[PDB]
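Novice: Once you've had a glance at the structure underneath, I'll fire off some questions.
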Amino acid sequence: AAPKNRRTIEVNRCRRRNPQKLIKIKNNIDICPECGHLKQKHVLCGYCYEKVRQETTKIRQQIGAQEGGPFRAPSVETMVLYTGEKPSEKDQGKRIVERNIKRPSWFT
Amino acid sequence: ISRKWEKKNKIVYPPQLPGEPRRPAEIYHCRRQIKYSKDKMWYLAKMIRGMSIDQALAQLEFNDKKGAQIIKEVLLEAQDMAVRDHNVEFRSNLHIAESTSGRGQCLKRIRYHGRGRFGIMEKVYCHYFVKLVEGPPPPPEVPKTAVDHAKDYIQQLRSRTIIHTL
Amino acid sequence: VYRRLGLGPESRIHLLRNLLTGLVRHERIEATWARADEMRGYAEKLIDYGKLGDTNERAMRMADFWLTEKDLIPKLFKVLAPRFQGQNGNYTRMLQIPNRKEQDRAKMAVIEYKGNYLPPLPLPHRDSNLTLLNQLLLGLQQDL
RNA sequence: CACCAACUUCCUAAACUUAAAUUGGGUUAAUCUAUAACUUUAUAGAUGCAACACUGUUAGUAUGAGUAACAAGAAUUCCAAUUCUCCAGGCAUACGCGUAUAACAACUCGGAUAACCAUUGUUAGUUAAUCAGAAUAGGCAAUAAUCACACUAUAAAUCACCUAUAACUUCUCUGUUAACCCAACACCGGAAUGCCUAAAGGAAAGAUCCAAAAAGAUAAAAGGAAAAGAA
RNA sequence: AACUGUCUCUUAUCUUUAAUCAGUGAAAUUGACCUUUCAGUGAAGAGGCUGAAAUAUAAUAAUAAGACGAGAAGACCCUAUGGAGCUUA
Ligand SMILES: [Zn+2]
């Protein structure tokens, strides 16, 4: 549907420059102490979260190799151990995952 | 094609005398070819006009539009050269004096339709122009008070000059 | 009380079944925020079925249908259920993650089973009592 | 008992009388020549010499409009990685196409948007004695098939081998890839034959929301045109 | 005739559409427009004329019942001491 005459640039300029059509500023921006990067007040930091996922992938890779087959999910609890930490009696009766890396500072 | 925005960045002012105030730095940066509509980029440019360097970066980081990501890269590049070449001592001491987008050369193609129709396909490109002035953004406007408006009206009445009389 | 998801009611449960199976296997899953919230209730109720007891015949039918991989069925009754015996609820932790930068800008969240062996998530921390405002509130508390 | 109001009229300076086919006369932009001028001019001689309008022609850029419009199953331990949910015409040859094949490298253009490549660049490829394509002169032939027997029929349906002549030891050439072709297209349909029906081949979900209205499908308290029978 | 949500008499769910985010991106159209209501005038006739009336700016979202709506050489029939073409023995 076309108007019976061409729409003037002046008319068009007013429509696009109306405040309703302009981009709004956001004041909910926050700083992440953990990563030192920006975050939203309702959103978690991704720089630190990225570390968790990367460690999770590495941990998951170790578990997959240890299982050695599909549909081999243990019926017993699982635990992760890093270099410098040795399985204890409390770790008995739990699947033990060994990580070549030392215990991460953030991970406890 | 014209590239005078870069030439504006090549302007060299005469050496300032010792008894002359330190000239505020002006940085002209632009991205000539962007596969984006200028109008959409203009909306981003309009909002960021007059804002500080840090404030603009924070707003862009949480913006969902593709153009905003492009602007942030352009803004980051402008800040880097401003310190590197325009002698900007403080990274935070920068504000967006000017921000605007321009049309770029497009590509022409025909848009086929499944049932024998055709259309005019166009690949849009745009230019983005920003001028950065070292220093904090200027203070915002303050609306006139009732007293200010009233005084002007009285002054206007007094300022009236009689017409076509001796 | 239910999100309109899937090409049909079966698809939602099958999609939930796929989501539930993955979470049990890995114990921490990243998915769109809406899906994570929808499936959080099912996961909590599943843990209750594990608490009900391994011998419970009804639990097996629920576990068998919901968990496509049957190796997880022993895990639920012998890993998840023992783990959550002390807990009375809140077995699942769901947190909002920044939206995917995949040109669709979907709302993302991460849902995990509490007590897992995975590294702790970067949870938010409330302000410490040592802060000036908290210290002032502490003085008011002491006087009262 | 007036005033207002037309260039009618007067007044200062000037001027010397009021539709439109047609007809007489005086100038002029531009380009070139002759001869001059010399911040862009003159006198002559010339012409492809002046466009808001020929269903005029070419190019640029707007408006409609950032509108109509368009798109990928789930999780993970990862795009020649696993597993889960779900779908059910697949494989060969013919024809056609002619490198669209594959690896790598790119992420601009092409895919009717991306991712990813089918795009761009580079290099490779399709292997044949077996698969496929690329001597002569005479003499002399009644009876279909149908499990061909019986059995009938009408619609009427089968070189050889002899007699002579002539030659006298051979494996090259060419085709071989592919998701491919004809439909302006990575089209929705068109496309001969054999095998077989999942062991082969596949993904409806760009995200969010759960508006109304609209489209399709399912369900109906009581009723049954306000089951498939008759005229 | 029956049958059934066709309907009396509609309701509910699912799918499509819908709404929001991001990416890409046409078509018919277009004298210019700072684009109002009422009565008048006029050729059936006025957003733009006469006289009244109303009126911060800019935006945003919805519906097609009537004006026996507006219209074309659409549709239909008939005529000619109209033409012209055709056939001739
Ligand atoms: Zn952090």
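Residues in the structure tokens are named by chain (A, B, ... in the order shown) and by number from 1 within that chain; ligands are numbered from 1 in the order shown.
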Which of chain C end up as helix (DSSP H, G or I) when DSSP is run on this backbone - answer as number ranges by chain?

Specialist: C: 9-26, 33-52, 57-66, 72-83, 132-143

Novice: Determine, for each residue of chain A having at least one atom at most 7 Å from an atom of chain B, the closest pair of atoms and their separation in Å to one decimal, counting only C-alpha atoms; order by chain and ascending number, as a tab-separated table.

Specialist:
residue	atom	partner	partner_atom	distance
A:22	CA	B:43	CA	5.9
A:23	CA	B:47	CA	6.1
A:25	CA	B:59	CA	6.8
A:26	CA	B:59	CA	6.6

Novice: Can you work out which residues are within 6 Å of ligand 1, considering only C-alpha atoms (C1' of nucleotides) and all ligand atoms, and then hand them over as a ChimeraX atom specification?

Specialist: /A:32,34-36,45,47-48

Novice: With a distance threshold of 8 Å and counting only C-alpha atoms (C1' of nucleotides), extract the residues of chain E near chain B and express them as a list in words.

Specialist: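 So the residues of chain E near chain B are residues 22, 25, 26 and 27 of chain E.
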
Novice: Residues within 10 Å of residue A:81, please, as a JSON list (two decimals) with C-alpha atoms, in the first residue's frame. Count only C-alpha atoms (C1' of nucleotides); anything in the same chain fewer than 3 positions from it doesn't count.

Specialist:
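Saved file result.json follows:
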[["chain", "number", "residue", "atom", "x", "y", "z"],
["A", 59, "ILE", "CA", 36.58, -32.92, 33.92],
["A", 84, "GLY", "CA", 48.64, -33.28, 44.98],
["A", 85, "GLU", "CA", 45.41, -34.74, 46.39],
["A", 86, "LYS", "CA", 45.19, -38.49, 46.90],
["A", 87, "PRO", "CA", 42.07, -40.65, 47.36],
["A", 91, "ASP", "CA", 36.45, -41.25, 48.86],
["A", 96, "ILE", "CA", 37.22, -41.03, 41.56],
["A", 97, "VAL", "CA", 38.25, -38.68, 38.75],
["A", 98, "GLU", "CA", 41.95, -37.81, 38.59],
["A", 99, "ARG", "CA", 43.02, -34.47, 37.08],
["A", 100, "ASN", "CA", 46.60, -33.81, 36.02],
["A", 101, "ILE", "CA", 46.17, -30.13, 36.93],
["A", 102, "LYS", "CA", 46.62, -29.04, 40.53],
["A", 103, "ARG", "CA", 43.58, -28.10, 42.60],
["C", 117, "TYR", "CA", 31.20, -33.12, 42.04]]

Novice: From a DSSP pass on the backbone, collect the residues of stretch 2-104 of chain A flagged as strand (DSSP E) and hand them back as a list in words.

Specialist: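 Those residues are residues 29, 30, 31, 38, 39, 40, 77, 78, 79, 80, 81, 82, 83, 94, 95, 96, 97, 98, 99, 100, 101 and 102 of chain A.
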
Novice: Would you save the residues from that selection as a PDB file, in the first residue's frame, using C-alpha atoms?

Specialist:
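Okay, result.pdb is ready:
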ATOM      1  CA  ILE A  29      25.200  -2.014  34.109  1.00  0.00           C
ATOM      2  CA  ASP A  30      27.357  -3.409  36.918  1.00  0.00           C
ATOM      3  CA  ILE A  31      30.973  -4.449  37.484  1.00  0.00           C
ATOM      4  CA  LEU A  38      31.203  -5.504  33.293  1.00  0.00           C
ATOM      5  CA  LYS A  39      27.974  -7.310  34.134  1.00  0.00           C
ATOM      6  CA  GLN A  40      24.287  -6.609  34.564  1.00  0.00           C
ATOM      7  CA  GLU A  77      28.771 -41.355  43.825  1.00  0.00           C
ATOM      8  CA  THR A  78      31.478 -39.525  41.880  1.00  0.00           C
ATOM      9  CA  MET A  79      34.339 -37.326  43.068  1.00  0.00           C
ATOM     10  CA  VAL A  80      37.078 -35.309  41.352  1.00  0.00           C
ATOM     11  CA  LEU A  81      40.678 -35.260  42.595  1.00  0.00           C
ATOM     12  CA  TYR A  82      43.556 -33.099  41.364  1.00  0.00           C
ATOM     13  CA  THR A  83      47.310 -33.601  41.446  1.00  0.00           C
ATOM     14  CA  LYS A  94      32.680 -43.148  45.091  1.00  0.00           C
ATOM     15  CA  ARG A  95      33.892 -42.885  41.509  1.00  0.00           C
ATOM     16  CA  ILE A  96      37.218 -41.032  41.562  1.00  0.00           C
ATOM     17  CA  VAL A  97      38.251 -38.682  38.750  1.00  0.00           C
ATOM     18  CA  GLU A  98      41.951 -37.807  38.589  1.00  0.00           C
ATOM     19  CA  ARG A  99      43.015 -34.474  37.085  1.00  0.00           C
ATOM     20  CA  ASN A 100      46.599 -33.807  36.018  1.00  0.00           C
ATOM     21  CA  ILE A 101      46.168 -30.133  36.931  1.00  0.00           C
ATOM     22  CA  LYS A 102      46.622 -29.042  40.532  1.00  0.00           C
TER      23      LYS A 102
END

Novice: For a quick test of understanding: name the residues of chain B lying within 8 Å of chain D when counting only C-alpha atoms (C1' of nucleotides), and present them as a PyMOL selection string.

Specialist: chain B and resi 111-114+116

Novice: Considering only C-alpha atoms (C1' of nucleotides), give me a table of residues in chain A that are at most 12 Å from chain D, with the closest atom pair and distance in Å for each, as JSON lines.

Specialist:
{"residue": "A:1", "atom": "CA", "partner": "D:64", "partner_atom": "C1'", "distance": 6.9}
{"residue": "A:2", "atom": "CA", "partner": "D:64", "partner_atom": "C1'", "distance": 4.8}
{"residue": "A:3", "atom": "CA", "partner": "D:64", "partner_atom": "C1'", "distance": 7.1}
{"residue": "A:4", "atom": "CA", "partner": "D:64", "partner_atom": "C1'", "distance": 9.7}
{"residue": "A:5", "atom": "CA", "partner": "D:63", "partner_atom": "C1'", "distance": 8.1}
{"residue": "A:6", "atom": "CA", "partner": "D:63", "partner_atom": "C1'", "distance": 4.7}
{"residue": "A:7", "atom": "CA", "partner": "D:63", "partner_atom": "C1'", "distance": 6.0}
{"residue": "A:8", "atom": "CA", "partner": "D:63", "partner_atom": "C1'", "distance": 8.0}
{"residue": "A:9", "atom": "CA", "partner": "D:63", "partner_atom": "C1'", "distance": 9.2}
{"residue": "A:11", "atom": "CA", "partner": "D:63", "partner_atom": "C1'", "distance": 11.8}
{"residue": "A:12", "atom": "CA", "partner": "D:63", "partner_atom": "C1'", "distance": 10.3}
{"residue": "A:16", "atom": "CA", "partner": "D:66", "partner_atom": "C1'", "distance": 11.0}
{"residue": "A:54", "atom": "CA", "partner": "D:77", "partner_atom": "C1'", "distance": 11.8}
{"residue": "A:56", "atom": "CA", "partner": "D:77", "partner_atom": "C1'", "distance": 9.7}
{"residue": "A:57", "atom": "CA", "partner": "D:77", "partner_atom": "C1'", "distance": 6.8}
{"residue": "A:58", "atom": "CA", "partner": "D:77", "partner_atom": "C1'", "distance": 8.3}
{"residue": "A:59", "atom": "CA", "partner": "D:77", "partner_atom": "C1'", "distance": 8.7}
{"residue": "A:60", "atom": "CA", "partner": "D:77", "partner_atom": "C1'", "distance": 5.3}
{"residue": "A:61", "atom": "CA", "partner": "D:77", "partner_atom": "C1'", "distance": 4.8}
{"residue": "A:62", "atom": "CA", "partner": "D:77", "partner_atom": "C1'", "distance": 8.1}
{"residue": "A:63", "atom": "CA", "partner": "D:77", "partner_atom": "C1'", "distance": 7.8}
{"residue": "A:64", "atom": "CA", "partner": "D:77", "partner_atom": "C1'", "distance": 5.8}
{"residue": "A:65", "atom": "CA", "partner": "D:77", "partner_atom": "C1'", "distance": 8.5}
{"residue": "A:66", "atom": "CA", "partner": "D:77", "partner_atom": "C1'", "distance": 11.1}
{"residue": "A:67", "atom": "CA", "partner": "D:77", "partner_atom": "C1'", "distance": 10.8}
{"residue": "A:68", "atom": "CA", "partner": "D:77", "partner_atom": "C1'", "distance": 11.2}
{"residue": "A:69", "atom": "CA", "partner": "D:82", "partner_atom": "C1'", "distance": 10.1}
{"residue": "A:70", "atom": "CA", "partner": "D:83", "partner_atom": "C1'", "distance": 7.7}
{"residue": "A:71", "atom": "CA", "partner": "D:83", "partner_atom": "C1'", "distance": 8.7}
{"residue": "A:72", "atom": "CA", "partner": "D:83", "partner_atom": "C1'", "distance": 11.8}

Novice: What lies within 9 Å of residue C:80 using only C-alpha atoms (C1' of nucleotides), ignoring chain neighbours under 3 positions off, as a list in words?

Specialist: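 Final neighbour list, sorted by chain and number: residues 77 of chain A; 24, 47, 50, 51, 75, 76, 77, 83, 84, 85 and 113 of chain C.
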
Novice: Take the residues that were just selected and, keeping N, CA, C and O atoms, output them as a PDB file, in the first residue's frame.

Specialist:
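Below is the file selection-v8.pdb, written as the result:
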ATOM      1  N   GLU A  77      28.435 -42.770  43.852  1.00  0.00           N
ATOM      2  CA  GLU A  77      28.771 -41.355  43.825  1.00  0.00           C
ATOM      3  C   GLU A  77      30.094 -41.134  43.097  1.00  0.00           C
ATOM      4  O   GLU A  77      30.920 -42.039  42.959  1.00  0.00           O
TER       5      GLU A  77
ATOM      6  N   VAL C  24      20.743 -35.543  34.273  1.00  0.00           N
ATOM      7  CA  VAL C  24      21.125 -36.621  35.180  1.00  0.00           C
ATOM      8  C   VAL C  24      22.513 -37.140  34.831  1.00  0.00           C
ATOM      9  O   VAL C  24      23.342 -37.388  35.715  1.00  0.00           O
ATOM     10  N   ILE C  47      13.637 -36.385  42.104  1.00  0.00           N
ATOM     11  CA  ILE C  47      14.447 -36.704  43.276  1.00  0.00           C
ATOM     12  C   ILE C  47      13.568 -37.263  44.386  1.00  0.00           C
ATOM     13  O   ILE C  47      13.971 -38.177  45.118  1.00  0.00           O
ATOM     14  N   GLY C  50      13.084 -40.807  43.741  1.00  0.00           N
ATOM     15  CA  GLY C  50      14.244 -41.535  44.227  1.00  0.00           C
ATOM     16  C   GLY C  50      14.222 -41.707  45.733  1.00  0.00           C
ATOM     17  O   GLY C  50      14.558 -42.773  46.253  1.00  0.00           O
ATOM     18  N   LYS C  51      13.826 -40.655  46.455  1.00  0.00           N
ATOM     19  CA  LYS C  51      13.708 -40.756  47.906  1.00  0.00           C
ATOM     20  C   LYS C  51      12.629 -41.749  48.311  1.00  0.00           C
ATOM     21  O   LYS C  51      12.752 -42.405  49.352  1.00  0.00           O
ATOM     22  N   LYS C  75      21.716 -45.117  39.009  1.00  0.00           N
ATOM     23  CA  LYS C  75      22.327 -43.905  39.543  1.00  0.00           C
ATOM     24  C   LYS C  75      21.321 -43.087  40.341  1.00  0.00           C
ATOM     25  O   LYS C  75      21.634 -42.591  41.430  1.00  0.00           O
ATOM     26  N   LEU C  76      20.100 -42.943  39.822  1.00  0.00           N
ATOM     27  CA  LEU C  76      19.096 -42.135  40.507  1.00  0.00           C
ATOM     28  C   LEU C  76      18.791 -42.697  41.889  1.00  0.00           C
ATOM     29  O   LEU C  76      18.729 -41.953  42.876  1.00  0.00           O
ATOM     30  N   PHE C  77      18.599 -44.012  41.981  1.00  0.00           N
ATOM     31  CA  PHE C  77      18.235 -44.633  43.248  1.00  0.00           C
ATOM     32  C   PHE C  77      19.430 -44.851  44.166  1.00  0.00           C
ATOM     33  O   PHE C  77      19.240 -44.983  45.381  1.00  0.00           O
ATOM     34  N   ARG C  83      22.131 -39.006  47.902  1.00  0.00           N
ATOM     35  CA  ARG C  83      22.748 -37.693  48.069  1.00  0.00           C
ATOM     36  C   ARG C  83      21.778 -36.700  48.698  1.00  0.00           C
ATOM     37  O   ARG C  83      22.166 -35.902  49.557  1.00  0.00           O
ATOM     38  N   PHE C  84      20.512 -36.735  48.285  1.00  0.00           N
ATOM     39  CA  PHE C  84      19.529 -35.742  48.691  1.00  0.00           C
ATOM     40  C   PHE C  84      18.702 -36.177  49.894  1.00  0.00           C
ATOM     41  O   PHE C  84      17.740 -35.488  50.248  1.00  0.00           O
ATOM     42  N   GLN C  85      19.057 -37.290  50.541  1.00  0.00           N
ATOM     43  CA  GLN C  85      18.266 -37.758  51.675  1.00  0.00           C
ATOM     44  C   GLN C  85      18.180 -36.692  52.759  1.00  0.00           C
ATOM     45  O   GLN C  85      17.102 -36.445  53.314  1.00  0.00           O
ATOM     46  N   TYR C 113      22.460 -30.034  39.457  1.00  0.00           N
ATOM     47  CA  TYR C 113      22.048 -30.754  40.654  1.00  0.00           C
ATOM     48  C   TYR C 113      22.987 -30.399  41.799  1.00  0.00           C
ATOM     49  O   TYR C 113      24.210 -30.490  41.657  1.00  0.00           O
TER      50      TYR C 113
END

Novice: Give me, please, the distance in Å between atom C1' of residue E:16 and atom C1' of residue D:218, quoted to one decimal.

Specialist: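 If I compute the distance from atom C1' of residue E:16 to atom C1' of residue D:218, I get 15.1 Å.
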
Novice: Counting only C-alpha atoms, which residues from chain C have an atom at most 9 Å from any atom of chain B, and could you show them as a list in words?

Specialist: residues 101, 103 and 105 of chain C

Novice: My list of candidates is C:41, C:78, C:30, C:48. Which is closest to residue A:50 when distances are computed with only C-alpha atoms?

Specialist: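 Looking at the shortest contact to residue A:50, the residue is C:30.
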
Novice: Hey, what's within 10 Å of residue C:67 if we count only C-alpha atoms (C1' of nucleotides) and toss same-chain stuff fewer than 4 positions away? As number ranges by chain, please?

Specialist: C: 17-22, 24-25, 60-63, 71-73, 76; D: 84

Novice: Hey, can you check how far atom CA of residue B:132 sits from atom CA of residue B:94?

Specialist: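 Distance reported for this atom pair: 6.9 Å.
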
Novice: Using only C-alpha atoms (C1' of nucleotides), which of D:43, D:57, D:113, D:197 sits nearest chain C?

Specialist: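 So, comparing all the options, the nearest one is D:113.
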
Novice: Excluding stretch 128-135 of chain D and its own-chain neighbours fewer than 3 positions away, which residues fall within 8 Å of it when counting only C-alpha atoms (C1' of nucleotides)? Please give them as a list in words.

Specialist: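 Near neighbours after the sequence-gap exclusion: residues 166, 167, 171, 174 and 175 of chain D.
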
Novice: Based on the selection just made, write N, CA, C and O atoms (P, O5', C5', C4', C3', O3' and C1' of nucleotides) of those residues as a PDB file, in the first residue's frame.

Specialist:
ATOM      1  P     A D 166      40.391 -69.858 -53.480  1.00  0.00           P
ATOM      2  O5'   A D 166      40.130 -68.613 -52.523  1.00  0.00           O
ATOM      3  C5'   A D 166      40.118 -67.292 -53.041  1.00  0.00           C
ATOM      4  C4'   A D 166      39.991 -66.267 -51.943  1.00  0.00           C
ATOM      5  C3'   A D 166      40.998 -66.375 -50.811  1.00  0.00           C
ATOM      6  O3'   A D 166      42.257 -65.810 -51.137  1.00  0.00           O
ATOM      7  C1'   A D 166      38.829 -66.069 -49.917  1.00  0.00           C
ATOM      8  P     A D 167      43.577 -66.255 -50.335  1.00  0.00           P
ATOM      9  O5'   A D 167      43.336 -65.700 -48.863  1.00  0.00           O
ATOM     10  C5'   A D 167      43.599 -64.341 -48.547  1.00  0.00           C
ATOM     11  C4'   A D 167      43.130 -64.000 -47.156  1.00  0.00           C
ATOM     12  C3'   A D 167      43.934 -64.608 -46.017  1.00  0.00           C
ATOM     13  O3'   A D 167      45.109 -63.873 -45.722  1.00  0.00           O
ATOM     14  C1'   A D 167      41.631 -64.959 -45.625  1.00  0.00           C
ATOM     15  P     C D 171      47.771 -59.009 -29.021  1.00  0.00           P
ATOM     16  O5'   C D 171      46.769 -58.075 -28.207  1.00  0.00           O
ATOM     17  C5'   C D 171      46.660 -56.689 -28.509  1.00  0.00           C
ATOM     18  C4'   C D 171      45.849 -55.950 -27.474  1.00  0.00           C
ATOM     19  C3'   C D 171      46.025 -56.438 -26.038  1.00  0.00           C
ATOM     20  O3'   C D 171      45.944 -55.332 -25.141  1.00  0.00           O
ATOM     21  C1'   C D 171      43.758 -56.639 -26.665  1.00  0.00           C
ATOM     22  P     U D 174      42.400 -43.208 -25.773  1.00  0.00           P
ATOM     23  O5'   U D 174      40.810 -43.179 -25.688  1.00  0.00           O
ATOM     24  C5'   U D 174      40.048 -42.391 -26.590  1.00  0.00           C
ATOM     25  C4'   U D 174      38.570 -42.644 -26.435  1.00  0.00           C
ATOM     26  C3'   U D 174      38.030 -42.588 -25.014  1.00  0.00           C
ATOM     27  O3'   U D 174      37.805 -41.267 -24.552  1.00  0.00           O
ATOM     28  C1'   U D 174      37.205 -44.519 -26.089  1.00  0.00           C
ATOM     29  P     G D 175      37.776 -40.962 -22.974  1.00  0.00           P
ATOM     30  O5'   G D 175      36.415 -41.625 -22.479  1.00  0.00           O
ATOM     31  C5'   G D 175      35.161 -41.073 -22.851  1.00  0.00           C
ATOM     32  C4'   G D 175      34.015 -41.830 -22.229  1.00  0.00           C
ATOM     33  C3'   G D 175      34.077 -42.015 -20.720  1.00  0.00           C
ATOM     34  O3'   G D 175      33.640 -40.873 -20.005  1.00  0.00           O
ATOM     35  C1'   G D 175      33.527 -44.073 -21.748  1.00  0.00           C
TER      36        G D 175
END

Novice: Give as a PDB file with N, CA and C atoms (P, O5', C5', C4', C3', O3' and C1' of nucleotides), in the first residue's frame every residue of chain E that touches chain C within 12 Å, counting only C-alpha atoms (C1' of nucleotides).

Specialist:
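Dumped everything to out00.pdb:
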ATOM      1  P     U E  13      -8.283 -22.767  25.969  1.00  0.00           P
ATOM      2  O5'   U E  13      -7.471 -24.020  25.413  1.00  0.00           O
ATOM      3  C5'   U E  13      -6.953 -24.998  26.301  1.00  0.00           C
ATOM      4  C4'   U E  13      -6.554 -26.257  25.577  1.00  0.00           C
ATOM      5  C3'   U E  13      -5.496 -26.108  24.495  1.00  0.00           C
ATOM      6  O3'   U E  13      -4.178 -26.034  25.009  1.00  0.00           O
ATOM      7  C1'   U E  13      -7.272 -27.424  23.672  1.00  0.00           C
ATOM      8  P     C E  14      -3.054 -25.193  24.226  1.00  0.00           P
ATOM      9  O5'   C E  14      -2.726 -26.086  22.949  1.00  0.00           O
ATOM     10  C5'   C E  14      -2.120 -27.361  23.090  1.00  0.00           C
ATOM     11  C4'   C E  14      -2.029 -28.084  21.770  1.00  0.00           C
ATOM     12  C3'   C E  14      -1.385 -27.314  20.628  1.00  0.00           C
ATOM     13  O3'   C E  14       0.031 -27.321  20.680  1.00  0.00           O
ATOM     14  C1'   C E  14      -3.380 -28.318  19.867  1.00  0.00           C
ATOM     15  P     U E  15       0.862 -26.052  20.148  1.00  0.00           P
ATOM     16  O5'   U E  15       0.663 -26.097  18.568  1.00  0.00           O
ATOM     17  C5'   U E  15       1.357 -27.049  17.777  1.00  0.00           C
ATOM     18  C4'   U E  15       0.943 -26.981  16.330  1.00  0.00           C
ATOM     19  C3'   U E  15       1.152 -25.645  15.634  1.00  0.00           C
ATOM     20  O3'   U E  15       2.489 -25.435  15.214  1.00  0.00           O
ATOM     21  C1'   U E  15      -1.012 -26.450  15.149  1.00  0.00           C
ATOM     22  P     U E  16       3.093 -23.946  15.158  1.00  0.00           P
ATOM     23  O5'   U E  16       2.303 -23.251  13.964  1.00  0.00           O
ATOM     24  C5'   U E  16       2.541 -23.629  12.617  1.00  0.00           C
ATOM     25  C4'   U E  16       1.607 -22.924  11.664  1.00  0.00           C
ATOM     26  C3'   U E  16       1.644 -21.404  11.690  1.00  0.00           C
ATOM     27  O3'   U E  16       2.721 -20.861  10.944  1.00  0.00           O
ATOM     28  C1'   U E  16      -0.601 -22.136  11.729  1.00  0.00           C
ATOM     29  P     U E  20       5.525  -6.434  18.091  1.00  0.00           P
ATOM     30  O5'   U E  20       6.693  -7.016  19.002  1.00  0.00           O
ATOM     31  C5'   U E  20       6.864  -6.571  20.340  1.00  0.00           C
ATOM     32  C4'   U E  20       8.001  -7.292  21.020  1.00  0.00           C
ATOM     33  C3'   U E  20       9.335  -7.276  20.287  1.00  0.00           C
ATOM     34  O3'   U E  20      10.066  -6.078  20.483  1.00  0.00           O
ATOM     35  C1'   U E  20       8.851  -9.479  20.970  1.00  0.00           C
ATOM     36  P     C E  21      11.267  -5.699  19.486  1.00  0.00           P
ATOM     37  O5'   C E  21      12.338  -6.856  19.712  1.00  0.00           O
ATOM     38  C5'   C E  21      13.234  -6.815  20.812  1.00  0.00           C
ATOM     39  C4'   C E  21      14.322  -7.850  20.679  1.00  0.00           C
ATOM     40  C3'   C E  21      15.194  -7.744  19.438  1.00  0.00           C
ATOM     41  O3'   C E  21      16.212  -6.766  19.556  1.00  0.00           O
ATOM     42  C1'   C E  21      14.502  -9.981  19.715  1.00  0.00           C
ATOM     43  P     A E  22      16.613  -5.864  18.288  1.00  0.00           P
ATOM     44  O5'   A E  22      17.504  -6.835  17.394  1.00  0.00           O
ATOM     45  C5'   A E  22      18.721  -7.367  17.892  1.00  0.00           C
ATOM     46  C4'   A E  22      19.214  -8.511  17.044  1.00  0.00           C
ATOM     47  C3'   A E  22      19.335  -8.233  15.555  1.00  0.00           C
ATOM     48  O3'   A E  22      20.518  -7.534  15.211  1.00  0.00           O
ATOM     49  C1'   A E  22      18.216 -10.281  15.872  1.00  0.00           C
ATOM     50  P     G E  23      20.556  -6.630  13.883  1.00  0.00           P
ATOM     51  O5'   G E  23      20.561  -7.690  12.695  1.00  0.00           O
ATOM     52  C5'   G E  23      21.668  -8.557  12.502  1.00  0.00           C
ATOM     53  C4'   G E  23      21.476  -9.453  11.305  1.00  0.00           C
ATOM     54  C3'   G E  23      21.029  -8.775  10.020  1.00  0.00           C
ATOM     55  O3'   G E  23      22.086  -8.127   9.334  1.00  0.00           O
ATOM     56  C1'   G E  23      19.755 -10.736  10.363  1.00  0.00           C
TER      57        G E  23
END

Novice: Would you kindly return, as a ChimeraX atom specification, each protein, DNA or RNA residue with an atom no farther than 12 Å from any atom of residue B:126, considering only C-alpha atoms (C1' of nucleotides) and excluding same-chain residues fewer than 6 positions away?

Specialist: /B:30-42,67,70,100-107
